[PDB]
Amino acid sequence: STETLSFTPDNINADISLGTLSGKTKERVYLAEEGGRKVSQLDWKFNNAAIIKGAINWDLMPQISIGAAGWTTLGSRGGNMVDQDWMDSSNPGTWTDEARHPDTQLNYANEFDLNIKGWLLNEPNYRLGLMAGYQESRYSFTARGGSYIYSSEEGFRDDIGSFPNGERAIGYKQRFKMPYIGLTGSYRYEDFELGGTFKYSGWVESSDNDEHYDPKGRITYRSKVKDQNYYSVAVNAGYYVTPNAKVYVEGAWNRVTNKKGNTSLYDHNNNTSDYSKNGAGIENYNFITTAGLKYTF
């Protein structure tokens, strides 16, 4: 089993699949000089965005395998976005302004992953291995128009208006660099196979770019968070239609826990910039449902 000294650059298997990606990311702003309370929060979300997913696995030795994976959206997907503010420092906890944007879309999203697997168990009917790898994912959104419910000077959720259809918009990009460790495995009875994979990271580095388009309030925000936590849980079920062709179905969840980081503001109008330590926060989570084929050459 895992105690067999040999080399097999010959052992390779490919994995191609289709499915959907659903998720949500929360963009937060904090005021250091005010207890570090939350003052802004943008909630970008979207469901069933079609994606193509694939992997190439090299089972070089009984002890270790190398793998490269990736997925990307197959076109855009309309979503939703909500922007709230807590301008009342005497009542932080209840939002004072809420802007809704149904006209939002996930322009695109993708991810690649390179890893190594150290097999603890490697038999014909069951596999258990440690993992170590690196992943990078990107997201890009755009919100347009929408309605609001702001708070006047001496009022509260009174200034209930509406935005110019298509005007004032916002662009939001993100990047997640994730070095990680994991556990993967699968048991096989007859031609049926059940498997799972778990990932963890405490070294995540996320960064985002928020574009506020409006020849009036045209600002650019940039944030970066470090040593952020990441968790992932995936499970699959499949059948060996042929000795070396597995048809399978899979479900994956993953989360990036919120943490504070630094942010930089760029006001194009006044050509003024502003830096604020621990002024930003970033978090997200995703659900990936997929089905496909794993061919072992």
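Residue numbers here begin at 1 and follow the sequence given.
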* Out of 217 to 225 and 67 to 75, which one has CA B-factors that are higher on average in the deposited record? -> 217 to 225
* Taking the mean of the C-alpha B-factors per stretch from the entry, tell me the winner out of 124 to 132 and 164 to 172. => 164 to 172
* Please pick out which of 183, 194, 149, 114 has the largest Cα B-factor as recorded in the entry. => 149
* Asked: Highest Cα B-factor in the deposition, which of 204, 82, 87, 106?
  -> 87
* Check where residue 93 lands among this chain's C-alpha B-factors and tell me if it's the lowest, middle or highest third. => highest
* Consider only the C-alpha atoms of the modelled residues in this chain, order them by B-factor as the entry records it, and name the third containing residue 279: lowest, middle or highest. => middle
* Thinking about Cα B factors across the chain, which third does residue 20 belong to? -> lowest
* Structure fact -> The third of the chain into which the C-alpha temperature factor of residue 235 falls is the lowest
* To do: Would you mind ranking residue 291 by its C-alpha B-factor against the rest of the chain and naming the third, lowest, middle or highest?
  => lowest
